[PDB]
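Next up, work_23.cif (mmCIF, C-alpha atoms):
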data_my_file
loop_
_atom_site.group_PDB
_atom_site.id
_atom_site.type_symbol
_atom_site.label_atom_id
_atom_site.label_comp_id
_atom_site.auth_asym_id
_atom_site.auth_seq_id
_atom_site.Cartn_x
_atom_site.Cartn_y
_atom_site.Cartn_z
ATOM 1 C CA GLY A 1 115.855 81.338 99.364
ATOM 2 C CA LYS A 2 113.031 78.974 98.441
ATOM 3 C CA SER A 3 110.409 79.318 101.176
ATOM 4 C CA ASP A 4 109.221 82.544 102.804
ATOM 5 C CA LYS A 5 108.354 85.664 100.807
ATOM 6 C CA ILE A 6 110.645 88.344 102.233
ATOM 7 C CA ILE A 7 112.683 90.520 99.870
ATOM 8 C CA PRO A 8 116.053 91.994 100.995
ATOM 9 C CA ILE A 9 117.057 95.546 100.121
ATOM 10 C CA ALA A 10 119.843 98.029 100.752
ATOM 11 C CA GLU A 11 123.308 97.052 101.993
ATOM 12 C CA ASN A 12 126.472 98.488 103.539
ATOM 13 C CA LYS A 13 129.666 97.716 105.467
ATOM 14 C CA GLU A 14 132.255 100.354 104.545
ATOM 15 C CA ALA A 15 131.036 102.658 107.326
ATOM 16 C CA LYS A 16 131.641 99.993 109.983
ATOM 17 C CA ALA A 17 135.264 99.594 108.882
ATOM 18 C CA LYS A 18 136.327 103.228 108.402
ATOM 19 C CA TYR A 19 133.922 104.201 111.199
ATOM 20 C CA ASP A 20 133.499 102.509 114.574
ATOM 21 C CA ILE A 21 129.872 101.627 115.292
ATOM 22 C CA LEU A 22 128.533 102.825 118.651
ATOM 23 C CA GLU A 23 124.735 102.653 118.810
ATOM 24 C CA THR A 24 122.005 101.591 116.383
ATOM 25 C CA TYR A 25 118.405 102.737 115.953
ATOM 26 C CA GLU A 26 115.327 101.307 114.232
ATOM 27 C CA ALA A 27 113.139 102.978 111.620
ATOM 28 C CA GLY A 28 110.176 101.820 109.556
ATOM 29 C CA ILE A 29 109.433 102.849 105.980
ATOM 30 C CA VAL A 30 105.907 102.504 104.599
ATOM 31 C CA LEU A 31 104.738 103.527 101.129
ATOM 32 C CA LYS A 32 102.049 102.701 98.563
ATOM 33 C CA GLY A 33 101.747 99.267 96.971
ATOM 34 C CA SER A 34 102.709 99.806 93.333
ATOM 35 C CA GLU A 35 106.019 101.341 94.420
ATOM 36 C CA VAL A 36 106.915 98.309 96.541
ATOM 37 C CA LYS A 37 106.541 95.967 93.560
ATOM 38 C CA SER A 38 108.787 98.049 91.277
ATOM 39 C CA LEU A 39 111.724 97.805 93.693
ATOM 40 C CA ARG A 40 110.984 94.253 94.872
ATOM 41 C CA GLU A 41 111.055 92.823 91.341
ATOM 42 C CA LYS A 42 114.038 94.927 90.249
ATOM 43 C CA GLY A 43 116.469 94.609 93.148
ATOM 44 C CA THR A 44 118.635 97.721 92.949
ATOM 45 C CA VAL A 45 119.185 100.780 95.146
ATOM 46 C CA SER A 46 121.831 103.250 96.336
ATOM 47 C CA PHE A 47 125.333 101.963 97.086
ATOM 48 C CA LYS A 48 127.683 104.574 98.552
ATOM 49 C CA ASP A 49 125.721 107.791 98.013
ATOM 50 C CA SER A 50 122.819 107.328 100.440
ATOM 51 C CA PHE A 51 122.913 108.906 103.905
ATOM 52 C CA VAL A 52 120.539 109.061 106.874
ATOM 53 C CA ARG A 53 119.782 112.083 109.052
ATOM 54 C CA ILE A 54 117.590 112.367 112.148
ATOM 55 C CA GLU A 55 115.192 115.319 112.281
ATOM 56 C CA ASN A 56 111.951 116.413 113.952
ATOM 57 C CA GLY A 57 111.238 113.301 116.029
ATOM 58 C CA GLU A 58 111.991 110.313 113.794
ATOM 59 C CA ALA A 59 114.700 108.930 111.514
ATOM 60 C CA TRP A 60 114.845 110.236 107.943
ATOM 61 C CA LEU A 61 116.223 108.470 104.870
ATOM 62 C CA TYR A 62 117.934 110.325 102.028
ATOM 63 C CA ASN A 63 119.214 108.584 98.895
ATOM 64 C CA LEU A 64 121.327 110.189 96.172
ATOM 65 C CA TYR A 65 121.974 107.032 94.145
ATOM 66 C CA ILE A 66 118.571 105.677 93.100
ATOM 67 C CA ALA A 67 119.235 102.717 90.804
ATOM 68 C CA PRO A 68 115.582 101.800 89.995
ATOM 69 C CA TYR A 69 113.937 103.274 86.896
ATOM 70 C CA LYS A 70 110.383 104.592 87.234
ATOM 71 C CA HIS A 71 110.620 107.751 85.129
ATOM 72 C CA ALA A 72 109.802 107.550 81.420
ATOM 73 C CA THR A 73 108.491 111.088 80.936
ATOM 74 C CA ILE A 74 110.610 114.247 80.956
ATOM 75 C CA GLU A 75 108.742 115.714 83.928
ATOM 76 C CA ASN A 76 110.397 114.698 87.200
ATOM 77 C CA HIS A 77 112.511 116.060 90.054
ATOM 78 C CA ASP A 78 116.107 115.445 91.135
ATOM 79 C CA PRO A 79 117.010 111.843 92.120
ATOM 80 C CA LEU A 80 116.568 112.023 95.893
ATOM 81 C CA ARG A 81 113.381 110.201 96.896
ATOM 82 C CA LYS A 82 112.821 111.479 100.437
ATOM 83 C CA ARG A 83 111.200 108.883 102.699
ATOM 84 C CA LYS A 84 110.017 109.247 106.295
ATOM 85 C CA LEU A 85 110.566 106.342 108.687
ATOM 86 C CA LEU A 86 108.837 106.193 112.079
ATOM 87 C CA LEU A 87 110.800 106.170 115.342
ATOM 88 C CA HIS A 88 110.485 106.992 119.059
ATOM 89 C CA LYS A 89 110.229 110.233 121.050
ATOM 90 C CA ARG A 90 112.841 110.155 123.815
ATOM 91 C CA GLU A 91 115.428 108.162 121.853
ATOM 92 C CA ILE A 92 115.216 110.324 118.716
ATOM 93 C CA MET A 93 115.864 113.488 120.733
ATOM 94 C CA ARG A 94 118.722 111.943 122.723
ATOM 95 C CA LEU A 95 120.562 110.531 119.697
ATOM 96 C CA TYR A 96 120.252 113.836 117.819
ATOM 97 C CA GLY A 97 122.035 115.743 120.580
ATOM 98 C CA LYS A 98 124.883 113.445 121.640
ATOM 99 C CA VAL A 99 125.537 111.817 118.256
ATOM 100 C CA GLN A 100 125.422 115.130 116.370
ATOM 101 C CA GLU A 101 127.071 117.664 118.706
ATOM 102 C CA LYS A 102 129.614 115.329 120.327
ATOM 103 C CA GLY A 103 130.969 114.356 116.931
ATOM 104 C CA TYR A 104 129.137 111.428 115.376
ATOM 105 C CA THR A 105 127.347 110.645 112.114
ATOM 106 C CA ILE A 106 124.405 108.533 110.937
ATOM 107 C CA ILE A 107 124.377 106.232 107.931
ATOM 108 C CA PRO A 108 122.030 103.601 106.408
ATOM 109 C CA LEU A 109 122.654 99.852 106.433
ATOM 110 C CA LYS A 110 120.132 97.218 105.300
ATOM 111 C CA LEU A 111 116.425 97.784 104.781
ATOM 112 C CA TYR A 112 114.159 95.006 103.531
ATOM 113 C CA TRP A 113 110.390 94.535 103.424
ATOM 114 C CA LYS A 114 108.743 91.442 104.844
ATOM 115 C CA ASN A 115 105.040 90.639 104.769
ATOM 116 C CA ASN A 116 104.453 93.858 102.816
ATOM 117 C CA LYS A 117 106.592 96.745 104.167
ATOM 118 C CA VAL A 118 110.200 97.835 104.710
ATOM 119 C CA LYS A 119 112.200 98.203 107.891
ATOM 120 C CA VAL A 120 115.519 100.074 107.744
ATOM 121 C CA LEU A 121 118.371 99.550 110.194
ATOM 122 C CA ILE A 122 120.557 102.559 110.996
ATOM 123 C CA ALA A 123 123.937 102.626 112.732
ATOM 124 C CA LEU A 124 126.059 105.398 114.236
ATOM 125 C CA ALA A 125 129.764 105.560 113.393
ATOM 126 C CA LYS A 126 132.603 107.995 114.076
ATOM 127 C CA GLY A 127 135.322 109.280 111.769
ATOM 128 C CA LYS A 128 137.800 106.556 112.694
ATOM 129 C CA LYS A 129 139.369 106.249 116.145
ATOM 130 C CA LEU A 130 141.477 104.117 118.492
ATOM 131 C CA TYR A 131 144.135 103.311 115.888
ATOM 132 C CA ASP A 132 145.325 106.391 113.997
ATOM 133 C CA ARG A 133 146.808 105.209 110.700
#
Serialized structure, structure tokens:
Amino acid sequence: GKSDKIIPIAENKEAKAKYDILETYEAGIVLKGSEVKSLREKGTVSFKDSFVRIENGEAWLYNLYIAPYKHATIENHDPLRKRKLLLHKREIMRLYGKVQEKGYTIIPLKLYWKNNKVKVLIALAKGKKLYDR
């Protein structure tokens, strides 16, 4: 990684294995500027404690394993960091119904910011299937 100026973030794979991937959606996360730098320079985030849930009309990102450190004072909230990522209108509604009710789940994969903002990729997986072992 010499040229370019894109910084990679987030990562996963376990879900795919233990859970068969069916469909994938696209969400976009946009925050201030100072925040971006903190994470970009550092290079650490949730591992196996961050989940994604779809609500309202867009994809939502919830992390319960924030690695970064931006709290020096003793006046902060629980480590969650709720972020809202854009989405569609028809798709969001559809996925919510089938994926949720039928018997599916939503988890985060890899989100990186290029140019200046982050894009997160989400995938839908089921609680194992096909081969029952």
Around all the atoms of region 50-69 of chain A listed in the file, draw an axis-aligned box and extend it by 6 Å on each of the six sides; I want its centre and edge lengths in Å to one decimal, as AutoDock Vina command-line options.
--center_x 117.1 --center_y 109.1 --center_z 101.5 --size_x 23.7 --size_y 26.6 --size_z 41.1
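Here the question is which of A:28, A:78, A:115, A:120 gets nearest to residue 4 (chain A) using only C-alpha atoms, and that residue is A:115.
If you apply the PyMOL selection byres ((chain A and resi 17) around 12) to this structure, you end up with residues 12, 13, 14, 15, 16, 18, 19, 20, 21, 125, 126, 127, 128, 129 and 131 of chain A.
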Next on the checklist: I'd like the neighbourhood of residue 36 (chain A) as JSON, numbers by chain, where a residue qualifies if any of its atoms comes within 12 Å (using all atoms listed in the file), though same-chain residues fewer than 6 positions away should be ignored.
Outcome noted: {"A": [7, 8, 9, 29, 30, 42, 43, 68, 70, 112, 113, 114, 115, 116, 117, 118]}
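Considering the residues A:122, A:80, A:92, A:22 and counting all atoms listed in the file, residue 107 (chain A) has its shortest atom-to-atom contact with A:122.
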Item to check | Residue neighbourhood residue 55 (chain A), 12 Å, all atoms listed in the file, exclusion window fewer than 3 positions, as a VMD selection string | outcome: chain A and resid 52 58 to 62 84 to 89 91 to 97 100 106
Checklist entry - In Å, with one decimal, what is the gap from CA of residue 76 (chain A) to CA of residue 57 (chain A)? => result 28.9 Å
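The gap separating CA of residue 104 (chain A) from CA of residue 81 (chain A) is 24.3 Å, in Å to one decimal.
Between CA of residue 38 (chain A) and CA of residue 72 (chain A) the interatomic distance comes to 13.7 Å.
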Next on the checklist: Could you check the closest approach to residue 6 (chain A) for each of A:41, A:35, A:49, A:23 and tell me which residue wins, using all atoms listed in the file?
Outcome noted: A:41
